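Participant: Take this structure, written in structure tokens, and hold onto it; I'll ask about it next.
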Amino acid sequence: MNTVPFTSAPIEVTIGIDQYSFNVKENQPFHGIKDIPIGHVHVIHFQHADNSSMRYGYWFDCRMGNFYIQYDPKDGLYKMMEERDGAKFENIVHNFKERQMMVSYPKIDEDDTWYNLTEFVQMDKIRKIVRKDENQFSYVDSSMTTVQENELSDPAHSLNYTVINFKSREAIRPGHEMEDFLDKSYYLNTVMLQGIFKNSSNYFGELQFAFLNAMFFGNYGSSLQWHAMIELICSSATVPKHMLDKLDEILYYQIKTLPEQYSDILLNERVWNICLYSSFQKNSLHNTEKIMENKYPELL
Amino acid sequence: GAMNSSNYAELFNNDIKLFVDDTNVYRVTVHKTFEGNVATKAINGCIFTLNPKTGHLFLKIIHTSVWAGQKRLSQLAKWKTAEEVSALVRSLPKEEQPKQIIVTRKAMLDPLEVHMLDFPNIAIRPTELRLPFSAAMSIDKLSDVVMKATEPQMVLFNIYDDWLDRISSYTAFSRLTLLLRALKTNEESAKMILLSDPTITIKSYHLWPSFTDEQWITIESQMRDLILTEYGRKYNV
Ligand SMILES: O=C(O)[C@@H](c1ccc(Cl)cc1)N1CCOCC1
């Protein structure tokens, strides 16, 4: 198990870590989160109690380094940093544990939720979507725009998701206009899976990452990406059977985890009705359809 | 954006544009089978592609053979239309290519947009006008060339005959839409009006009769009366 120590908590803030949320009061004696499960990416995120504008946070993997949080009073936010001196870090963490100033990550043992939301997410792929190569962790916030959003303005602070656009020359083979617009299989399997992502696992990793940035930061461009990647599969008549079964599992856990009170902004009515009821794969998402119908029948 | 009554004069400016109407591309008669089921038989159709400024009509005849062995014909008809319009644009010299294509039915937007991806500077636009271009097959010489065709064929017309020698494009389009609206609401009456006076003839190289300016005012008034008459017959007013 691993630890993200905090130098201090000078400002009141809600801290979340993966799907969990908790409160820290102004100058409360808080010195981090411990017992973080090894083997998964994680995200630590923040919403200041005095300005909920800008949720922000850091994707990281404790196998890749020793990371801690320190508030910066000039830039006004909790910043992640790497500690390169490993003896110093263990010593710091051991002392904060002995003083029991660290909150305990509440991983119930029956629970596979986080695994199921991050199965295909790999820190190395996150670091290509979020370019900031001098760090091993990745910063994301509410307002960051995507490469595709900037085409339609700072590029250094962008989310470089794979651009999907159903009315583009990349999506449509000359001479197969009607075929390719109504059945996206060429675009899914040849352009995206074989050409760009190389395999279904990298495709699913980006899809899951996009969902999680939408949910945790309200990042609208990430929500657009998540829905686009779903619709591309559902709108393809030819999809490997293993991808369809996995997609159903992926979406099921995403819908299960979504805050009920956020369904109105994070779920696109048109895409979901199309995917569940009109698309080629309308009959291939049994678990996702069952949870959607019992949890959000209003949308449908 | 969408074309409507406010930007109506844009049709007659110096930016090349085409209206595309697909309502006569896929045409069927519905009939009973020996066993008492219903079946369709296709007949020849046409794409109606019109420059409203010049009157140039690019009439692409759709021969029934293009439907042979195809499924979901009404959906295919929109993509076939889009393919033919795209091929027409590519065939035109650069300086004759349209800057805008206005489709009379919104279901044509995506098919045409996808077929025109190679032309990102050509705007594809819908319209809120209810234009009577479906009635083009009520023009005898257009109907005749469509029905006689034995293979795909493009035929070029000027749908304004020689009117632009005497009137503006705006007035020429208003006349055409009034003629076509009348022929759509009561074809028999409209044709009776247009031909009642046998001394007024249709030149061999024209589609409509050789009316004087004065006789066109009379004719246009008769077409309005016809439209208003039918509107009262319909609604009992
Ligand atoms: O939800 C939980 O299990 C705990 C919790 C979440 C995250 C961490 Cl790291 C520690 C404890 N909450 C604490 C505040 O509110 C009660 C529940």
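Ordered as shown in the structure tokens, chains take letters A, B, and onward, while each chain numbers its residues from 1 and ligands are numbered from 1 in the order shown.
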Give as a PDB file with C-alpha atoms, in the first residue's frame every residue of chain B that touches chain A within 9 Å, counting only C-alpha atoms.
Facilitator:
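Generated file (iface28.pdb):
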ATOM      1  CA  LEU B  76     -30.879   5.157 -51.051  1.00  0.00           C
ATOM      2  CA  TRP B  79     -27.695   9.227 -51.169  1.00  0.00           C
ATOM      3  CA  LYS B  80     -28.033   8.708 -54.936  1.00  0.00           C
ATOM      4  CA  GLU B  83     -23.844  11.423 -55.315  1.00  0.00           C
ATOM      5  CA  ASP B 110     -26.272  14.820 -44.216  1.00  0.00           C
ATOM      6  CA  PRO B 111     -26.100  12.802 -47.463  1.00  0.00           C
ATOM      7  CA  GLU B 113     -22.642  17.084 -46.770  1.00  0.00           C
ATOM      8  CA  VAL B 114     -20.900  13.659 -46.683  1.00  0.00           C
ATOM      9  CA  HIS B 115     -20.649  13.521 -50.490  1.00  0.00           C
ATOM     10  CA  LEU B 117     -16.523  16.629 -47.930  1.00  0.00           C
ATOM     11  CA  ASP B 118     -13.984  17.353 -50.688  1.00  0.00           C
TER      12      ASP B 118
END
Participant: List all protein, DNA and RNA residues that have an atom no more than 8 Å from any atom of ligand 1, counting only C-alpha atoms and all ligand atoms, and report them as a list in words.
Facilitator: residues 16, 17, 20, 21, 22, 23, 33, 34, 103, 104, 105, 106 and 107 of chain A
Participant: Set the distance at 8 Å and use only C-alpha atoms: which residues neighbour segment 153-160 of chain B once local chain neighbours fewer than 3 positions away are removed? I'd like the list as a ChimeraX atom specification.
Facilitator: /B:54-62,149,163-164,172,176,206-207
Participant: Could you pull the residues within 9 Å of residue 124 of chain B, counting only C-alpha atoms, minus those fewer than 6 positions along the same chain, as a list in words?
Facilitator: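 Contacts, in chain order: residues 1, 99, 100, 101, 102, 103, 109, 112, 113 and 116 of chain B.
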Participant: Check segment 39-203 of chain A with DSSP on the backbone and list each residue it calls alpha helix (DSSP H), as a PyMOL selection string.
Facilitator: chain A and resi 86-98+113-118+123-129+147-151+177-182+185+200-203
Participant: Please identify all polymer residues within 9 Å of segment 144-147 of chain A, counting only C-alpha atoms, omitting same-chain residues fewer than 3 positions from it, and present them as a PyMOL selection string.
Facilitator: chain A and resi 140-141+150-151+153-155+157-163+219-222+225
Participant: With N, CA, C and O atoms kept, could you save the residues just selected as an mmCIF file, in the first residue's frame?
Facilitator:
data_model
loop_
_atom_site.group_PDB
_atom_site.id
_atom_site.type_symbol
_atom_site.label_atom_id
_atom_site.label_comp_id
_atom_site.auth_asym_id
_atom_site.auth_seq_id
_atom_site.Cartn_x
_atom_site.Cartn_y
_atom_site.Cartn_z
ATOM 1 N N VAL A 140 -5.502 17.832 -14.318
ATOM 2 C CA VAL A 140 -6.709 18.083 -15.097
ATOM 3 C C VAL A 140 -7.617 19.002 -14.284
ATOM 4 O O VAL A 140 -7.622 18.939 -13.052
ATOM 5 N N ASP A 141 -8.397 19.862 -14.971
ATOM 6 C CA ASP A 141 -9.416 20.624 -14.261
ATOM 7 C C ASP A 141 -10.698 20.811 -15.076
ATOM 8 O O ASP A 141 -10.830 20.379 -16.216
ATOM 9 N N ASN A 150 -10.572 23.111 -29.582
ATOM 10 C CA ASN A 150 -9.749 24.237 -30.026
ATOM 11 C C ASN A 150 -9.732 24.385 -31.543
ATOM 12 O O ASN A 150 -9.397 25.465 -32.041
ATOM 13 N N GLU A 151 -10.071 23.326 -32.283
ATOM 14 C CA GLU A 151 -10.186 23.437 -33.734
ATOM 15 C C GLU A 151 -11.436 24.212 -34.137
ATOM 16 O O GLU A 151 -11.429 24.907 -35.160
ATOM 17 N N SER A 153 -7.744 28.663 -25.818
ATOM 18 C CA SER A 153 -7.071 28.392 -27.080
ATOM 19 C C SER A 153 -5.606 28.022 -26.842
ATOM 20 O O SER A 153 -4.842 27.867 -27.795
ATOM 21 N N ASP A 154 -5.227 27.877 -25.569
ATOM 22 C CA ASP A 154 -3.847 27.532 -25.210
ATOM 23 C C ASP A 154 -3.605 26.046 -25.450
ATOM 24 O O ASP A 154 -4.241 25.213 -24.793
ATOM 25 N N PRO A 155 -2.710 25.667 -26.372
ATOM 26 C CA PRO A 155 -2.519 24.231 -26.642
ATOM 27 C C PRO A 155 -1.806 23.476 -25.529
ATOM 28 O O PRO A 155 -2.004 22.259 -25.406
ATOM 29 N N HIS A 157 -2.251 23.458 -22.400
ATOM 30 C CA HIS A 157 -3.166 23.113 -21.323
ATOM 31 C C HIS A 157 -4.398 22.387 -21.865
ATOM 32 O O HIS A 157 -5.500 22.536 -21.337
ATOM 33 N N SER A 158 -4.223 21.613 -22.931
ATOM 34 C CA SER A 158 -5.321 20.940 -23.606
ATOM 35 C C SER A 158 -5.352 19.453 -23.263
ATOM 36 O O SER A 158 -4.354 18.854 -22.850
ATOM 37 N N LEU A 159 -6.528 18.869 -23.468
ATOM 38 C CA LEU A 159 -6.726 17.424 -23.447
ATOM 39 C C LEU A 159 -6.633 16.878 -24.875
ATOM 40 O O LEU A 159 -7.538 17.101 -25.701
ATOM 41 N N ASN A 160 -5.554 16.151 -25.178
ATOM 42 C CA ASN A 160 -5.302 15.666 -26.543
ATOM 43 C C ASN A 160 -5.946 14.298 -26.789
ATOM 44 O O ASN A 160 -5.286 13.312 -27.123
ATOM 45 N N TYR A 161 -7.263 14.250 -26.617
ATOM 46 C CA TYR A 161 -8.017 13.054 -26.927
ATOM 47 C C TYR A 161 -7.957 12.786 -28.432
ATOM 48 O O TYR A 161 -7.711 13.677 -29.238
ATOM 49 N N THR A 162 -8.213 11.544 -28.803
ATOM 50 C CA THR A 162 -8.230 11.193 -30.215
ATOM 51 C C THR A 162 -9.453 11.829 -30.865
ATOM 52 O O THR A 162 -10.581 11.657 -30.398
ATOM 53 N N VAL A 163 -9.240 12.600 -31.927
ATOM 54 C CA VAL A 163 -10.368 13.281 -32.555
ATOM 55 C C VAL A 163 -11.221 12.268 -33.317
ATOM 56 O O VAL A 163 -10.721 11.499 -34.155
ATOM 57 N N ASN A 219 -15.726 18.174 -16.771
ATOM 58 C CA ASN A 219 -15.046 18.591 -17.986
ATOM 59 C C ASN A 219 -15.922 18.256 -19.185
ATOM 60 O O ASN A 219 -16.075 17.085 -19.556
ATOM 61 N N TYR A 220 -16.480 19.293 -19.813
ATOM 62 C CA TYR A 220 -17.472 19.071 -20.860
ATOM 63 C C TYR A 220 -16.865 18.390 -22.087
ATOM 64 O O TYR A 220 -17.478 17.481 -22.677
ATOM 65 N N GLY A 221 -15.651 18.771 -22.479
ATOM 66 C CA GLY A 221 -15.044 18.110 -23.638
ATOM 67 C C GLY A 221 -14.773 16.636 -23.420
ATOM 68 O O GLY A 221 -14.803 15.822 -24.383
ATOM 69 N N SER A 222 -14.472 16.260 -22.180
ATOM 70 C CA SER A 222 -14.319 14.837 -21.850
ATOM 71 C C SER A 222 -15.648 14.116 -21.978
ATOM 72 O O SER A 222 -15.692 12.967 -22.424
ATOM 73 N N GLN A 225 -16.188 13.410 -25.530
ATOM 74 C CA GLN A 225 -15.334 12.333 -26.016
ATOM 75 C C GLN A 225 -15.904 10.988 -25.600
ATOM 76 O O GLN A 225 -15.942 10.057 -26.405
#
Participant: Enter the distance from atom CA of residue 284 of chain A to atom CA of residue 248 of chain A, in Å, rounded to one decimal.
Facilitator: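 About the pair atom CA of residue 284 of chain A and atom CA of residue 248 of chain A: they are 7.6 Å apart.
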Participant: Looking only at the backbone, which of the residues in segment 26-245 of chain A does DSSP tag as strand (DSSP E or B), as number ranges by chain?
Facilitator: A: 32-36, 42-48, 51-60, 66-72, 77-83, 103-104, 130, 138-141, 146, 159
Participant: Please produce an output containing N, CA and C atoms for each residue in the selection, written as a short mmCIF file (atom, residue, chain, number, x, y, z; two decimals), in the first residue's frame.
Facilitator:
data_model
loop_
_atom_site.label_atom_id
_atom_site.label_comp_id
_atom_site.auth_asym_id
_atom_site.auth_seq_id
_atom_site.Cartn_x
_atom_site.Cartn_y
_atom_site.Cartn_z
N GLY A 32 -2.59 13.92 4.85
CA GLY A 32 -2.65 13.04 3.67
C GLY A 32 -3.55 11.83 3.78
N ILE A 33 -3.52 11.05 2.71
CA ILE A 33 -4.29 9.79 2.52
C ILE A 33 -3.26 8.65 2.40
N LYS A 34 -3.44 7.56 3.16
CA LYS A 34 -2.58 6.35 3.21
C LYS A 34 -3.40 5.12 2.80
N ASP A 35 -2.75 3.94 2.69
CA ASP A 35 -3.37 2.65 2.33
C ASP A 35 -3.99 2.70 0.93
N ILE A 36 -3.36 3.43 0.03
CA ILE A 36 -3.87 3.57 -1.33
C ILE A 36 -3.53 2.28 -2.11
N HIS A 42 -4.76 6.39 -9.94
CA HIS A 42 -5.61 7.05 -8.98
C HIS A 42 -5.73 8.52 -9.38
N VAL A 43 -6.75 9.18 -8.85
CA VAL A 43 -6.90 10.62 -9.03
C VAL A 43 -7.21 11.24 -7.68
N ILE A 44 -6.48 12.29 -7.34
CA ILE A 44 -6.75 13.07 -6.14
C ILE A 44 -7.21 14.44 -6.63
N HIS A 45 -8.35 14.90 -6.12
CA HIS A 45 -8.99 16.08 -6.66
C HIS A 45 -9.55 16.96 -5.55
N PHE A 46 -9.82 18.20 -5.93
CA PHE A 46 -10.01 19.27 -4.97
C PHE A 46 -11.14 20.18 -5.42
N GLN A 47 -11.91 20.64 -4.47
CA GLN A 47 -12.85 21.73 -4.71
C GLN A 47 -12.80 22.65 -3.49
N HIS A 48 -12.29 23.86 -3.68
CA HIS A 48 -12.14 24.77 -2.56
C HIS A 48 -13.50 25.17 -1.99
N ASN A 51 -14.47 28.79 -3.24
CA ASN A 51 -14.72 29.02 -4.65
C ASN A 51 -14.80 27.65 -5.30
N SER A 52 -16.02 27.17 -5.53
CA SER A 52 -16.22 25.91 -6.23
C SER A 52 -15.89 26.00 -7.72
N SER A 53 -15.66 27.21 -8.25
CA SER A 53 -15.13 27.33 -9.60
C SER A 53 -13.83 26.53 -9.69
N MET A 54 -13.67 25.80 -10.78
CA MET A 54 -12.49 24.97 -10.96
C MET A 54 -12.41 23.86 -9.92
N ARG A 55 -13.01 22.71 -10.21
CA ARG A 55 -12.52 21.46 -9.65
C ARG A 55 -11.19 21.21 -10.35
N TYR A 56 -10.21 20.65 -9.65
CA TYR A 56 -8.95 20.30 -10.29
C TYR A 56 -8.36 19.10 -9.55
N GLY A 57 -7.35 18.49 -10.15
CA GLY A 57 -6.81 17.28 -9.53
C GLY A 57 -5.71 16.66 -10.35
N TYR A 58 -5.18 15.55 -9.83
CA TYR A 58 -3.97 14.92 -10.36
C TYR A 58 -4.21 13.43 -10.52
N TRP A 59 -3.92 12.92 -11.72
CA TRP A 59 -3.83 11.49 -11.99
C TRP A 59 -2.40 11.05 -11.70
N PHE A 60 -2.26 9.93 -11.00
CA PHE A 60 -0.94 9.45 -10.63
C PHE A 60 -1.00 7.94 -10.41
N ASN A 66 7.28 8.73 -5.58
CA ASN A 66 6.72 9.19 -4.31
C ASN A 66 6.15 10.60 -4.47
N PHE A 67 4.85 10.73 -4.27
CA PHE A 67 4.17 12.00 -4.52
C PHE A 67 3.54 12.52 -3.23
N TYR A 68 3.50 13.84 -3.12
CA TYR A 68 2.89 14.53 -1.98
C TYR A 68 2.19 15.79 -2.49
N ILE A 69 1.35 16.37 -1.63
CA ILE A 69 0.58 17.58 -1.92
C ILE A 69 1.06 18.72 -1.02
N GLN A 70 1.17 19.90 -1.59
CA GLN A 70 1.58 21.09 -0.86
C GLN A 70 0.80 22.27 -1.42
N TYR A 71 0.11 23.00 -0.55
CA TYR A 71 -0.62 24.19 -0.98
C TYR A 71 0.35 25.29 -1.37
N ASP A 72 0.07 25.95 -2.49
CA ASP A 72 0.86 27.08 -2.97
C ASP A 72 0.03 28.35 -2.78
N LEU A 77 -3.48 26.99 -5.10
CA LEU A 77 -4.07 25.66 -5.19
C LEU A 77 -3.14 24.61 -4.60
N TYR A 78 -3.75 23.47 -4.29
CA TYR A 78 -3.03 22.31 -3.79
C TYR A 78 -2.28 21.68 -4.96
N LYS A 79 -0.96 21.58 -4.84
CA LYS A 79 -0.12 21.15 -5.97
C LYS A 79 0.49 19.78 -5.68
N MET A 80 0.49 18.91 -6.68
CA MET A 80 1.22 17.67 -6.51
C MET A 80 2.69 17.89 -6.86
N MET A 81 3.55 17.19 -6.14
CA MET A 81 4.98 17.22 -6.41
C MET A 81 5.58 15.85 -6.16
N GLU A 82 6.73 15.59 -6.77
CA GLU A 82 7.45 14.34 -6.56
C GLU A 82 8.59 14.59 -5.59
N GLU A 83 8.77 13.68 -4.63
CA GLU A 83 9.93 13.69 -3.75
C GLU A 83 10.90 12.62 -4.26
N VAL A 103 -5.84 10.25 6.86
CA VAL A 103 -7.18 9.61 6.72
C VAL A 103 -6.94 8.29 6.00
N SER A 104 -7.75 7.27 6.30
CA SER A 104 -7.57 5.90 5.76
C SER A 104 -8.44 5.67 4.52
N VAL A 130 -2.60 14.25 -21.63
CA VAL A 130 -2.27 15.44 -20.83
C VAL A 130 -0.76 15.65 -20.93
N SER A 138 -0.41 13.79 -13.71
CA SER A 138 -1.09 14.65 -14.68
C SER A 138 -2.20 15.49 -14.06
N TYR A 139 -2.13 16.80 -14.31
CA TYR A 139 -3.12 17.77 -13.85
C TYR A 139 -4.27 17.88 -14.83
N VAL A 140 -5.50 17.83 -14.32
CA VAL A 140 -6.71 18.08 -15.10
C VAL A 140 -7.62 19.00 -14.28
N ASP A 141 -8.40 19.86 -14.97
CA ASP A 141 -9.42 20.62 -14.26
C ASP A 141 -10.70 20.81 -15.08
N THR A 146 -10.37 20.46 -25.19
CA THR A 146 -9.80 19.37 -25.95
C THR A 146 -9.23 19.89 -27.27
N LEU A 159 -6.53 18.87 -23.47
CA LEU A 159 -6.73 17.42 -23.45
C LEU A 159 -6.63 16.88 -24.88
#
Participant: Calculate how many Å separate atom CA of residue 131 of chain B from atom CA of residue 3 of chain B, rounding to one decimal.
Facilitator: 11.5 Å
Participant: Need the shell around residue 41 of chain B: protein/DNA/RNA residues with any atom at most 7 Å away, counting only C-alpha atoms. Skip same-chain ones fewer than 3 positions apart. Format as a short mmCIF file (atom, residue, chain, number, x, y, z; two decimals) with C-alpha atoms, in the first residue's frame?
Facilitator:
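What follows is the written file around.cif:
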data_model
loop_
_atom_site.label_atom_id
_atom_site.label_comp_id
_atom_site.auth_asym_id
_atom_site.auth_seq_id
_atom_site.Cartn_x
_atom_site.Cartn_y
_atom_site.Cartn_z
CA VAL B 28 -43.60 4.51 -57.52
CA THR B 29 -47.07 3.32 -58.41
CA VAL B 30 -48.69 1.16 -55.72
#
Participant: Can you tell me, as number ranges by chain, what residues are no more than 12 Å from residue 67 of chain B when counting only C-alpha atoms, ignoring any on the same chain fewer than 2 positions away?
Facilitator: B: 25-28, 40-45, 62-65, 69-77, 80, 152
Participant: Take the residues from that selection and write them out as an mmCIF file, in the first residue's frame, keeping C-alpha atoms.
Facilitator:
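The resulting file, result30.cif, is reproduced below:
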data_model
loop_
_atom_site.group_PDB
_atom_site.id
_atom_site.type_symbol
_atom_site.label_atom_id
_atom_site.label_comp_id
_atom_site.auth_asym_id
_atom_site.auth_seq_id
_atom_site.Cartn_x
_atom_site.Cartn_y
_atom_site.Cartn_z
ATOM 1 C CA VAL B 25 -36.027 11.019 -57.576
ATOM 2 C CA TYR B 26 -37.738 7.817 -56.370
ATOM 3 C CA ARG B 27 -41.251 7.493 -57.822
ATOM 4 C CA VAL B 28 -43.597 4.510 -57.523
ATOM 5 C CA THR B 40 -44.670 -1.026 -55.836
ATOM 6 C CA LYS B 41 -43.393 -0.539 -59.370
ATOM 7 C CA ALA B 42 -40.805 2.200 -59.809
ATOM 8 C CA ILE B 43 -40.983 4.665 -62.694
ATOM 9 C CA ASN B 44 -38.311 7.008 -63.943
ATOM 10 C CA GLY B 45 -37.476 9.939 -61.738
ATOM 11 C CA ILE B 62 -33.035 8.710 -62.667
ATOM 12 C CA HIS B 63 -33.725 5.551 -64.641
ATOM 13 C CA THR B 64 -35.538 2.720 -62.840
ATOM 14 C CA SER B 65 -32.594 0.369 -63.401
ATOM 15 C CA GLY B 69 -31.828 -5.285 -56.451
ATOM 16 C CA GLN B 70 -31.490 -2.485 -53.895
ATOM 17 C CA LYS B 71 -33.108 -2.259 -50.472
ATOM 18 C CA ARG B 72 -34.470 0.716 -48.511
ATOM 19 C CA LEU B 73 -35.004 2.680 -51.682
ATOM 20 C CA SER B 74 -36.283 5.894 -50.115
ATOM 21 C CA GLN B 75 -33.049 6.116 -48.083
ATOM 22 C CA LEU B 76 -30.879 5.157 -51.051
ATOM 23 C CA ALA B 77 -32.656 7.848 -53.090
ATOM 24 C CA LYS B 80 -28.033 8.708 -54.936
ATOM 25 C CA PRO B 152 -29.456 7.594 -67.012
#
Participant: Hey, can you check how far atom CA of residue 101 of chain A sits from atom CA of residue 31 of chain A?
Facilitator: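 Computed distance, atom CA of residue 101 of chain A to atom CA of residue 31 of chain A, equals 5.3 Å.
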Participant: Check the smallest atom-to-atom distance from each of B:134, B:174, B:81, B:169 to residue 14 of chain B using only C-alpha atoms, then report the winner.
Facilitator: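 That would be B:169, the residue with the smallest distance to residue 14 of chain B.
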